[PDB]
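Asks:
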Amino acid sequence: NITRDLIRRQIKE
Amino acid sequence: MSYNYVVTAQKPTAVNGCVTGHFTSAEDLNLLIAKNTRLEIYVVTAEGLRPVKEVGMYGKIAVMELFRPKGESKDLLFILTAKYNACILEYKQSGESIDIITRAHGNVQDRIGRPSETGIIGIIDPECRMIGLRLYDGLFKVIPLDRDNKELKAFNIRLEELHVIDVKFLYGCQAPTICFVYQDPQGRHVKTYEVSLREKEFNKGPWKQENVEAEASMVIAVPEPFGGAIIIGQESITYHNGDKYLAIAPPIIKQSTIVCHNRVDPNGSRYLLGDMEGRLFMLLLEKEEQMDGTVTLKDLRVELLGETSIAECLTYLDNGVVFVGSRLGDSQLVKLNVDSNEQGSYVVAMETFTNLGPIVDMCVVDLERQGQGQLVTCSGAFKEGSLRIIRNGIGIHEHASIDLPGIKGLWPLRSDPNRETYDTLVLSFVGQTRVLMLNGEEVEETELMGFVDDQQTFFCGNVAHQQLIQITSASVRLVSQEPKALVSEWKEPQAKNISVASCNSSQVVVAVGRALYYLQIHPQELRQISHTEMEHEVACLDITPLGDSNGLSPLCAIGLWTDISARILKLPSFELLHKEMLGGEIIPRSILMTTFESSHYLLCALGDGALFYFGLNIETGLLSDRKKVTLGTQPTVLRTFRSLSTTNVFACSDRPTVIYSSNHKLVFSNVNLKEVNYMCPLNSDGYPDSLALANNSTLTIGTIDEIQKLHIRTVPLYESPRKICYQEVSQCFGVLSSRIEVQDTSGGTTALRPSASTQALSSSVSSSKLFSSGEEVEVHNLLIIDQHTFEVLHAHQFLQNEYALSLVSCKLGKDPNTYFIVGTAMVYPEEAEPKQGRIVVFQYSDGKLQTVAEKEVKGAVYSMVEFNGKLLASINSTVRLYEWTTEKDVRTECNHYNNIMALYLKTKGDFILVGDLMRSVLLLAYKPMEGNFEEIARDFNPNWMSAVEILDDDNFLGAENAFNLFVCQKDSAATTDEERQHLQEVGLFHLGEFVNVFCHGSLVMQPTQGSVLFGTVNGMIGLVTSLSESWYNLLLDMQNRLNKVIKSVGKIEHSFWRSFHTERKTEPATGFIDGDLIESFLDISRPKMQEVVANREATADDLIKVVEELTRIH
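In structure tokens:
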């Protein structure tokens, strides 16, 4: 879910 | 023609890597800590970490290993950069100087290859025969270690397995052997190959490909004694070696994934394991001895040891100490004990190091409402979530305010020979002296025995033997504690004044002109000793019995006046030693001798505000370092103050400054104060641990803050903050927050710990009915945070599965209320993308939080600024403009549709907007026509944005996917329909950080244009400013000169580093300047600094002054 991915991206790797 | 300047305000503070070993000496334990572009070298000590060396590299450290081949006296360091810069390093201590030298280097990227699964991995064989890289799928690069290979030439071998999870080199292997976990169809597998470099092929591994679990991720290669490999999955740990196979599946570890490990004991009896949770485990391998048979492995078990910060990096040190490298949270030094404490923890924190963590969002606020911004970040994630309040400078808290437009000096005064508290402050004045008895906290000017009120006191120290001195225009008076009158009183053998005063608590060393006497406050009388005459007029004097001297003082120093000099001397003799000839036509206003830990210091202030700095020698004392600052523009008075264990140097100027201490160095931070003229320690029974400080007109007293250039105050949220707003009218912050929860057996969701949203002072949930239709889940909240106390006043929890992703604090329409609007979205894991979300408009009242309005949307609201009394939002890919009915409701006015995914917006005062996800940036206008959007122009490049800003009418800043920055502008161009419809990348630059937030603001004040602050995933806070073409040009040039002069660490090329780069293109940087590099200039020797020039005009230290002027933007 791309929203979750972005949320993950902000916290990186 | 774009011209920007970027500087670091705060170095990255997150910890990406940490490694232990003997890098400094064969007998030294070091901890090397890798930030991003910062390597930190320490020596482990009884206290913990002795800082030794902090260098920066021209790249993001992806691999960091210590190794020692043969003949090598100590460990060398291998570092691979993310732009595939490989280098090898050696710690060189030129007796008293330190250098990290590059023994070898070269770039190991390959045109061929797609960067793999689990990213760069760099390993090194036990025998040190080679280095093994995994940069790409299908390839395996080998760099053969040889005495030569100074350029690190390497070969690739074909790797049958296209999807490798983790790899290590095995121990006790004849041939270099690798062990790896890889993924195919039908599961994961462990497999081996010998590595023969003499053929450039692989070869068969010692053991057959066994299987491993679906989620196996870490490979540990057990050391020589045991040999073999540990494989760590979810809920399961296993051991492989030949036909040997051991497996435990301890319930305890199912809860969370193991993320990191560390060998504790060299034999590998014992390892540390790190959790997604912050849980720490001990992995224990039960050995087994059988005569005439080395050893074996009977069993292995996991023990819960406790809880740390979420750990990226773990490293056992000395005895029970563990360094905890953290990326999501504060890093820490932690202790293991044989006995648990109370609820049951063998782990006890010793030290915490502040990680501004992932700055997820941030905002500027002058909370103190002065004219400086503090900055306020959403930081960390899960249990480590926090707000960090960040404030430049060192402040003091003001207790009294006595108007005295004169004070020309002032010294402490204990009126009682017992208490270390003082009740008087006798103070030099405009050719006078006033005394000041205090009634504790009250103020009173009275007489005092043997202390002239008609004359101008030039000193007032604390002279032993029950006496109080008052050296005046004339001469050193004397007063007792017992007699308390006119005990003695010196006078110049000619009726000539004292020009320059001195005294510690035992000596007196005045000057008459060129003259240099010496007097003593001996029991109840001042006795004379020496006299010497100097080339020129004495400017200033310093004496304090430094360390190995009780009251009586060793060697001396002085500044004089036509030959503006400072020189080294002795005591009764005045025998001149070494000296220095400072430049210009301005005399030394102040000289100082000090101490902190392990050096005796000499500094010298001049009347231009500048200061030269040097170190002396209690034993010898001669010359030291020679550098030149700019503190005040006014003359600077130096003094020393009471604080912690290491008391420090306070510099009085129009720019008050503290000089503290770095490693064994000394800090240079501003003091947040108008102007300080003179300044001294104090302690009254009514003002303890207080400092006194008079300016143009006013006494003041108070404590001090921290020390650094930046002060940080953390608000532990215990959950993950997401967005943050300041509603001034309401004197509070709104913060979107997210907590994790687990599936109940009721089926509901519980919670794993108290968070800021559960310990909320009051609270509320969404009622709203717009919708109808172990396991982990997020619960989202708007939190209301008091701006003074940082308490969670209120918590509003959103719906089941409603993420709140955007926040604004604004007034809308004719409506006079400031609302808190929150854009949300219904997230379900199966779905690719949410189709449902809402906008919610709230008011926070006297202490209330009313749901004022809601608004169904058919997407996920990604961002929203306040346009012009309207709410411009943005949903999944549509961009809208909402109007606020007087009937108090949000109704559509228009929308732009041409977006892959609108993630960010900003608004340039006017009706201009900007933004997108995979397709860089658009520019839009609002047309008070039919009230519509006109898409003005776009940038036609494949930038996966992360953050967007408008620097100005024509300049747009962009940050993306690949740690690059770029600027677009509209193309002023004929054929104004296509060339007009396009905007050009007029600036490019590799930052090396992932940017989450831009915002206009600054951390400073009460050459450059604008100030845009940015907040990065690593804790790095930077700054983007704008330039004149000429300033740009000056700096560009000087950027290039500077690179010839400066040795870059692994011999990485600066411009290779700064190169705009993606795995689809690489261009050099344009229209950008790292002040980081410019600023680098000041750390250079004046020789290497001269070279920087050979050529409107050209100069040798004009630039030294340009560069200073810049450092002060942040």
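For the record, the sequence lines run as chains B and A. Mind the numbering: the first sequence is residues 5 to 17 in the entry's author numbering, read in order. Mind the numbering: the second sequence is residues 1 to 773, 783 to 1015, 1023 to 1111, 1122 to 1140 in the entry's author numbering, read in order. For each residue, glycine too, the CB sits at the ideal point set by N, CA and C.
Is residue 972 (chain A) close to chain B, meaning its C-beta is less than 7 Å from at least one C-beta of that chain?
Replies: no
Asks: In the DSSP output, what is residue 1103 (chain A) paired with across the bridge?
Replies: Note: residue 1103 (chain A) sits in no beta bridge, so no partner.
Asks: So, under 8 Å CB-CB, residue 866 (chain A) and residue 884 (chain A) are touching, yes? Tell me the CB distance rounded to an integer number of Å.
Replies: 5 Å
Asks: So, at 6 Å on beta carbons, what are the nonlocal neighbours of residue 314 (chain A) in its own chain, with the 5 sequence-adjacent residues on each side left out?
Replies: The beta carbon of residue 314 (chain A) lies closer than 6 Å to those of 260, 262, 272, 274 in the same chain, with the five residues before and after it left out.
Asks: Which residues does DSSP pair with residue 191 (chain A) in a beta bridge?
Replies: A:180
Asks: How long is the line joining the alpha carbons of residue 453 (chain A) and residue 537 (chain A), rounded to whole angstroms?
Replies: 28 Å
Asks: Please classify residue 475 (chain A) as buried or exposed, where buried requires at least 16 other C-beta atoms within 10 Å of its C-beta.
Replies: It counts as buried.
Asks: Assuming residue 820 (chain A) is part of the beta strand (DSSP E), what are its boundary residues?
Replies: First-last of the beta strand (DSSP E) with residue 820 (chain A): 811–820.
Asks: Mind checking if residue 1007 (chain A) is an interface residue toward chain B, Cβ cutoff 7 Å exclusive?
Replies: no
Asks: Restricting to runs no shorter than 3 residues, where is the beta strand (DSSP E) found entirely within the region 789–858 of chain A?
Replies: 801–806, 811–820, 827–835, 846–853
Asks: Report the partner residues of residue 1030 (chain A) according to the DSSP bridge assignment.
Replies: Its beta-bridge partners are A:1007, A:1038.
Asks: Could you tell me whether any Cβ in chain B is nearer than 7 Å to the Cβ of residue 1003 (chain A)?
Replies: yes
Asks: According to DSSP, what are the bridge partners of residue 581 (chain A)?
Replies: A:565
Asks: Under a CB-based cut-off of 7 Å, is residue 842 (chain A) close to chain B?
Replies: yes
Asks: Just the chain B side, please: which residues come within less than 9 Å of residue 812 (chain A) by C-beta, in chain order?
Replies: 7, 8, 11
Asks: Assuming contact is defined by CB atoms lying nearer than 7 Å, are residue 123 (chain A) and residue 132 (chain A) in contact in what I supplied?
Replies: yes
Asks: Under the DSSP definition of a beta bridge, which residues are partnered with residue 538 (chain A)?
Replies: A:560
Asks: Is residue 350 (chain A) helix, strand or coil when you go by DSSP?
Replies: strand
Asks: Can you look up residue 717 (chain A) in the DSSP assignment and give me helix, strand or coil?
Replies: coil
Asks: Count the CB pairs spanning the region 1001–1014 of chain A and the region 1042–1060 of chain A that are closer than 8 Å, and state whether there are at least three.
Replies: Because the criterion of three Cβ pairs below 8 Å is not met, the region 1001–1014 of chain A and the region 1042–1060 of chain A do not touch.
Asks: Beta-carbon within less than 8 Å of residue 986 (chain A)'s beta-carbon, same chain only, minus the 5 sequence neighbours each way: which residues are those?
Replies: none
Asks: Is DSSP giving residue 953 (chain A) helix, strand or coil here?
Replies: coil
Asks: Between the Cα of residue 352 (chain A) and those of A:148, A:367, A:332, A:305, spot the shortest distance and give me the residue it belongs to.
Replies: A:332
Asks: Any beta carbon from chain B within less than 7 Å of residue 358 (chain A)'s own beta carbon?
Replies: Answer yes: the Cβ-Cβ gap between residue 358 (chain A) and chain B drops below 7 Å somewhere.
Asks: When the Cα atoms are used, what is the spatial distance from residue 459 (chain A) to residue 374 (chain A)?
Replies: 40 Å
Asks: Taking a contact to mean a Cβ-Cβ separation below 7 Å, would you say residue 300 (chain A) touches residue 320 (chain A) in this structure?
Replies: The Cβ atoms of residue 300 (chain A) and residue 320 (chain A) lie no closer than 7 Å to each other.
Asks: Cβ of residue 838 (chain A) less than 7 Å from any chain B Cβ?
Replies: yes
Asks: Which same chain residues end up closer than 8 Å to residue 597 (chain A) when comparing Cβ atoms and leaving out the 5 residues on each side of it in sequence?
Replies: Exclusion of the five residues before and after residue 597 (chain A) leaves 646, 661, 664 as the residues of its chain whose Cβ lies within less than 8 Å of its Cβ.
Asks: What's the C-alpha gap between residue 784 (chain A) and residue 21 (chain A)?
Replies: 41 Å
Asks: Opposite residue 588 (chain A) in the DSSP bridges: which residues?
Replies: A:606
Asks: Identify each residue in the region 1030–1044 of chain A for which the Cβ-Cβ distance to at least one residue of chain B is less than 9 Å, and report them in chain order.
Replies: Using a CB distance below 9 Å, the part of the region 1030–1044 of chain A facing chain B consists of 1033, 1034, ordered along the chain.
Asks: What does a CB cutoff of less than 8 Å around residue 487 (chain A) pick up in its chain, not counting 5 residues either side in sequence?
Replies: 450, 467, 478, 479, 480, 524, 525
Asks: Find the nearest neighbour of residue 960 (chain A) within the set A:32, A:1040, A:529, judged by alpha-carbon distance.
Replies: A:1040
Asks: Identify the continuous beta strand (DSSP E) that holds residue 640 (chain A) and give its terminal residues.
Replies: 637–641
Asks: Any idea what DSSP makes of residue 344 (chain A), helix, strand or coil?
Replies: In the structure shown, residue 344 (chain A) sits in coil (DSSP, three-state: anything other than H, G, I, E or B).
Asks: Locate the alpha helix (DSSP H) running through residue 1070 (chain A), then write down its first and last residues.
Replies: 1070–1073
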